[PDB]
4 protein chains.
Amino acid sequence: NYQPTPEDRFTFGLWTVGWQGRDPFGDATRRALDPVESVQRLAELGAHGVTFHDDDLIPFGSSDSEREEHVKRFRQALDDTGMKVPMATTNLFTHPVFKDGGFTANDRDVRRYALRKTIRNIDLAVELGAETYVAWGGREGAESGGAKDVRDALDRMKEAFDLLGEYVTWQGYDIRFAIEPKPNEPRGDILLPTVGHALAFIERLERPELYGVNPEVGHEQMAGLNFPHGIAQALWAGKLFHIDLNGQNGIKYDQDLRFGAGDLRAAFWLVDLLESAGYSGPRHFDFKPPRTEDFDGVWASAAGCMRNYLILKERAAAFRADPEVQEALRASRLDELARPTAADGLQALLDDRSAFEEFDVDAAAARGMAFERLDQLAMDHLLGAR
Amino acid sequence: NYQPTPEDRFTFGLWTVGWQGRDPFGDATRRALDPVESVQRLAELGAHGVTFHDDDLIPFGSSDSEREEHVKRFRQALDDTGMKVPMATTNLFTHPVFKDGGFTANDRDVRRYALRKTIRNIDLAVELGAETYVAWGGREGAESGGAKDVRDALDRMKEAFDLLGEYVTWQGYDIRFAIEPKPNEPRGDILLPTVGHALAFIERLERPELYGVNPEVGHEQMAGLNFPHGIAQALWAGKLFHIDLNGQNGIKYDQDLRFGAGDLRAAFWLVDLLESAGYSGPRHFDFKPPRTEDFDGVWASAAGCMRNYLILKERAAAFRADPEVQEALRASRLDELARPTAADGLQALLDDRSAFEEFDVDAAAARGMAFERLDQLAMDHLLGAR
Amino acid sequence: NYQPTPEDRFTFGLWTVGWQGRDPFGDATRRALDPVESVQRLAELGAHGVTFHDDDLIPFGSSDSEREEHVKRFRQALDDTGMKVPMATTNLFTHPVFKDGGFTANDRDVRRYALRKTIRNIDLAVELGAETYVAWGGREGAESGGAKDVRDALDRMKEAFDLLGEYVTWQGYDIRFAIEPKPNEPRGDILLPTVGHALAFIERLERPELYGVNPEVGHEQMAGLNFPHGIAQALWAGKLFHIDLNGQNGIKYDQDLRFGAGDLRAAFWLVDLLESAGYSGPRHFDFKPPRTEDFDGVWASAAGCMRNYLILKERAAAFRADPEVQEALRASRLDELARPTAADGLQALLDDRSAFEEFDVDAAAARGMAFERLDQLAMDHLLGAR
Amino acid sequence: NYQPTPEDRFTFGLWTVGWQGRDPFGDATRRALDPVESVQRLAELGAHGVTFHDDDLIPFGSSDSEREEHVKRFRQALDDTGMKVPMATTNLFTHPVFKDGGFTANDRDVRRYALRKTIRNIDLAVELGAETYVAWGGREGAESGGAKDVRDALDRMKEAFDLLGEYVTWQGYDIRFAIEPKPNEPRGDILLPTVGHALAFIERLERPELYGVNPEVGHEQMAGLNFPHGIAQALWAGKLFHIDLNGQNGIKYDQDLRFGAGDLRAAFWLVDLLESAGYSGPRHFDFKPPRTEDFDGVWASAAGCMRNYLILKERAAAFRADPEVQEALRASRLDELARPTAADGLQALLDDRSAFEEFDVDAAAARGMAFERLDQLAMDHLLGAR
Ligand SMILES: [Mn+2]
Ligand SMILES: [Mn+2]
Ligand SMILES: [Mn+2]
Ligand SMILES: [Mn+2]
Ligand SMILES: [Mn+2]
Ligand SMILES: [Mn+2]
Ligand SMILES: [Mn+2]
Ligand SMILES: [Mn+2]
């Protein structure tokens, strides 16, 4: 039995199991979910928490009076279930006003509005106890080369994130930003298309310590990149503030399959890296139950996300704890990889004849890496076949 | 006539027109070129310069006595032709000893050797007057998840680049490093797979000011990314120390077509961005004349790289100088994009009712971006159809 | 001036210039277009004709009384403008009932309904003078392996197309079917994903002569395939009954850019092949004016489709008519490619010693193909740079 | 223990466990294997058979005297081990003479030589008891549009295959052809890029019954296609004469990982389809032990191919035999998919009011497909987690 508990820190976005099934070629196949029904259903399945866009919780252009009701109802369901809200985000993509972006709209008045909408939701996020605010610049980019000067757009992107960091430090809020990269869709190309682009951009912000990345499995796999490798770079930089778990079958539209579906082997190595690095953040699922399913299928899909995480975890632990795997890791010299190349300095390296002149290149070349035996042990553990 | 001159700063790698045509399924279709013949042939076509891997100039495991001869012969041809050497690089991929990498080989003795080989070639690079040293970590990565701990590998990557920066500052050399990203091939995944990953990594080096990126058109297009957008981010960060120009038909093996072939529209926007940013570095071609061609085809292919750059340049200039394009850029509000969102500060933004409360979202939403008319003007200029 | 006349046979679907701009992450940015208005506007721009899905013309769940009002209004606009209707299609993707397909829905009663919906629209198509009925099995496929037995689905696919061919021969209708391949979106994988799969399936139908393909530029490029190559195979097989022209930037979601946008080179070679094969069918545009645009941008986008076709046509003709190109085609032995390999028969081939034992493989190997000089001439012509 | 017996019909080409590790950017990492040794080692691991290119067995430009020495030694090893040779193929890609193709070389004398080379090896294939001759047109295609008229090339392709079918029927040989599709590499685009294109082409051959497809996992996945779907279409058409099993991580260069590696889910559904269709052909592995490995890694990699097939086979059987899965297949109406849509005929369909006018579209639309519960059961079985 791989039932999830409140300590496993599994979370879901109101727009994940609430997805109505509208796609580029098809109408809604499910009615809208009450955020309160989702909180209750997720608690029953063993979720720890939910996340939201402003617009998922508060219908766009709500009065301040209605706004309160929606929040108080949500608050009640959280108090009843003990469900947490670790992360919130702004919808800067749905409303037609954002057709050219939020923070990097060519229209300056739209950029100003985008910021006012985000700040309003940061206040709410903090009242609900969220420690991470996500920015997904889903409309930040172009279909055509002349439509967007990317250097001016990155200036506007920087200006926006710095203004938000300023707001957060002036209010003394205890909340950090996580930028969520995506290479394309709904735009022909999106700015900060990958984990790398987003990490590089953060290093140019007034207050870089307030910002990290929220990488999504599917987003990196849409550019054909190794999601585990990107996560490893985000950890190496100390910038993995959040994660979005889902499935994707390689390079095509953003599928948002339940976690474990799509690239199962990458899902294995992902969980192996998160567990072995001791990532303490929430295990957030940003997935869409396919539009073929009714509400029973929606909850089965959500339950599968958590099950597949727990099954993969157990197999990754078994893999790492197996003495035959540890011997195989030494045979492949993963231990030598973890050792400094030249802790003796550069002078000692320049003087060491074993490092160049008297290096036996042919003897080193002939040493097998034994990576195939190691990978078959990983396969045997993943499949439970030893 | 779009003949190239010595001021256009066109350069070529000895391994570009020297490619013998060996591919994964096929033997060499051309004999090896004498580096001296390539220098002479490139000068005739109007090239400004050549670049080299250590191994292109000095056959692997040459005596110091032979090493000199090869260098003196090369030096003579450069002096005769007045051809420059603006960039040099190390071959850390061909020899079987590098089958698991150079700087991030699991084997510590291979990492030490990789560094000694690179340092030796930095000395030569400086003697030949190169101001940029390129690292292409072509063997840095894995085919399988357990073979490479990416965090340990990035530590070894950092250690290597810091040791090289230390060497360069201790010798008082006037040379900068450019890291060349690639997503895959010859490895299943390569570390620092994109411009973004490489920019982020540089920000963690002891001496970040000594390092930039050498992005390649084909490399970013192999991950399905917008090469112009990546170049714009590299410029915004002040990190475009070099560039590799070639062609690629989307997501597949590294084709290295002559510049202008593959994604012609991206080539147009690339030249438009390089020219309008006033990039002053060399226009370096890293391409492979297809293996179908003899030496006449090789030199036609090289000449085409330079021709296509000059033709694209002229069309991009005409595009930017055309009053109808300038009016179309204002209609699409590219000028508003270049204006600060809130130079009035955050307090003024929080107080401005036109930025939220009294913002007419529906009136802003209804404004067409007029991006299609702008893009058809760009198309008309590229095609010379106005 | 690259003006479009009636002889150009340019066509557009109601759903193209009428796309409201709803995508998976955003609401409509434009109000709906009255089909009559679209007919009148497309006539103004120099279109020869329009195409429609049943549901574009007749709102889903219309009374027969309303049905006739919409058809009579449409009929009037066609009469007034002299616009033709060469092609019609069924919407078997939008309504939630089709979430698992039309012809290959797991639910037998949905398959039966899909057929009754299609047959009703075939009657209308013929009344309006259409000679081609298009089937786009957009919902035929799966997100998961257990959901769809592909052999059973192809039996149901075959059954459906044979029943439709039976109906058409019973009514003596003067109308042929064109199957429109697509690899994915909105399904994870779609059945008959390419031109090849659709051609192969047709050869197993009761009446193969009634069926061809309707290939779409963007659809083949979403699988990273060469659209000109696929079109050449469809022509070689005498199966190119229709074509859908648009733009796509490699492997990602279905973009539906205006023709000429995306892969400009492939657009050049496409027009070169259609013109030189004398394809006599309509030049149909299935594109979406991006959601950034208002109605002026919509009509500019449509006008650009036709403009870009006529520019490419002129440059391809100049290419083929240039004596230097014809000499270059002989140098690359395109004329030898057009000659039978062994019109002397198998026995003469087996007996010919110049064909094996007396074949100088090294002398043949050394012959350059001169493909690069030929391709630079094609580039010079496309760009108008000779 | 998932041991491989002779009944498993596991096969491997000489070129698989004998790949020396040369790639576009690196030298050989392993010495050549004597074909005899490979036969002896593959028998030890529980292989049933081997396959070969002419050039793997007989070095190019061998005397007839040497030719017989290599064949007699090979023959002896087969006799000693009882290893079968079910399949043979021609090398029409390695030698520089094939730089523009074999059967569709622009040079007519190269096409003639290609045929004479193939026919010579068909004689050998039959002497060694092969029932399948594979054609991989690896050099059939282009890097540029002007280099190859695809209609002329398909005429030459047809001519070649018809001449070979004529030879085979004249000799009364008991041998069928399997065409092996590949989308690209080593050519920019290859002719017959997918299973669909190859099936469609076969239907235009003089003797279609002599020809089927040899689909490769990695080849279809390089175009981002569903390999199980393509295999199902090949079975539906009765054209699956052979199969090549390996691994591939989505859209990039041809990786040739061991079977099970790359897309593990697709490997599961593939084995599920081969087993449940009762495919009786050999399970042939066309893979490359990565160049990181020595000979122990080579044999581990080969053993892993067979192990991973037998694990998947066991999990697919358990999946299909599980009563909860059979109930879930009925809940998802896979049984309704297997029923004729209208065995009552077109007239009864046209007359049935439950099929249109009396069809409750909203009631049909509301029915969940329960595909997610079915897919989680498939996942649980694959992982051995029930
Ligand atoms: Mn997503
Ligand atoms: Mn997300
Ligand atoms: Mn390259
Ligand atoms: Mn390069
Ligand atoms: Mn489309
Ligand atoms: Mn279409
Ligand atoms: Mn292969
Ligand atoms: Mn193969």
Side-chain angles (χ1 to χ4, degrees), chain A residues 11-13 15-16 19 25 51 53 87 89 91 93 132 134-138 178-182 185 213-220 222 242-246 248 254 256 284-288, chain B residues 24-25 253, chain C residues 11-13 15-16 19 25 51 53 87 89 91 93 134-138 178-182 185 190 213-220 222 242-246 248 254 256 259 284-288, chain D residues 13 15-16 19 89 93 134 136 138 180-186 190 214-222 244-248 253-257 262 284-288:
Chain A
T11 64
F12 289 87
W15 75 101
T16 68
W19 185 52
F25 290 101
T51 69
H53 304 267
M87 184 280 269
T89 183
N91 189 320
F93 44 90
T132 304
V134 165
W136 175 52
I179 296 156
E180 183 177 336
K182 199 184 180 187
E185 208 216 345
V213 298
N214 181 39
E216 184 156 316
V217 180
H219 292 189
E220 301 308 296
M222 285 169 78
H242 204 259
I243 201 166
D244 284 3
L245 303 173
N246 67 10
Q248 180 68 22
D254 181 32
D256 291 329
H284 180 258
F285 302 101
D286 183 359
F287 85 107
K288 285 160 148 92
Chain B
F25 290 101
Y253 70 103
Chain C
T11 59
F12 288 95
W15 72 90
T16 73
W19 184 52
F25 294 101
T51 69
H53 304 268
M87 185 279 268
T89 183
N91 190 320
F93 44 91
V134 163
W136 176 52
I179 295 159
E180 182 177 342
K182 199 181 180 187
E185 197 235 290
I190 296 175
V213 297
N214 182 40
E216 185 156 315
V217 178
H219 292 189
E220 301 307 297
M222 288 168 79
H242 206 258
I243 201 170
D244 283 3
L245 301 176
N246 68 10
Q248 179 67 22
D254 178 33
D256 290 331
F259 182 66
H284 179 258
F285 302 100
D286 183 359
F287 83 108
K288 284 159 149 93
Chain D
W15 72 90
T16 73
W19 184 52
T89 183
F93 44 91
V134 163
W136 176 52
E180 182 177 342
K182 199 181 180 187
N184 64 254
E185 197 235 290
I190 296 175
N214 182 40
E216 185 156 315
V217 178
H219 292 189
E220 301 307 297
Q221 285 169 2
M222 288 168 79
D244 283 3
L245 301 176
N246 68 10
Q248 179 67 22
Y253 74 102
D254 178 33
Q255 295 196 293
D256 290 331
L257 305 172
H284 179 258
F285 302 100
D286 183 359
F287 83 108
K288 284 159 149 93

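Every chain is numbered from 1, with letters handed out A, B, ... down the list of sequences. Both ligands and their constituent atoms are indexed starting at 1 by order of listing. Atoms considered below: every heavy atom in the structure, side chains included; atoms not considered: hydrogens, waters and symmetry mates.
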Give me the ring orientation class for A:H219 and A:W136: parallel if the planes are under 30° apart, tilted from 30 to 60°, perpendicular past 60°. tilted
Look at the rings of A:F25 and C:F93 and say which category their plane angle falls in: under 30° parallel, 30 to 60° tilted, over 60° perpendicular. perpendicular
Vertex the Mn ion (ligand 7), rays to OD2 in D:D254 and NE2 in D:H219 - rounded to 10°: 100°
When you compare the side chains of C:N214 and C:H242, does any donor N or O come within less than 3.5 Å of an acceptor on the partner? yes
Side-chain donor-acceptor contact under 3.5 Å, C:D256 with C:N246: yes
Once rounded to 10°, what is the value of the angle centred on the Mn ion (ligand 2) between A:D244 OD2 and A:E180 OE2? 100°
Angle subtended at the Mn ion (ligand 6) by OD2 of C:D286 and OE1 of C:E216, to 10 degrees? 100°
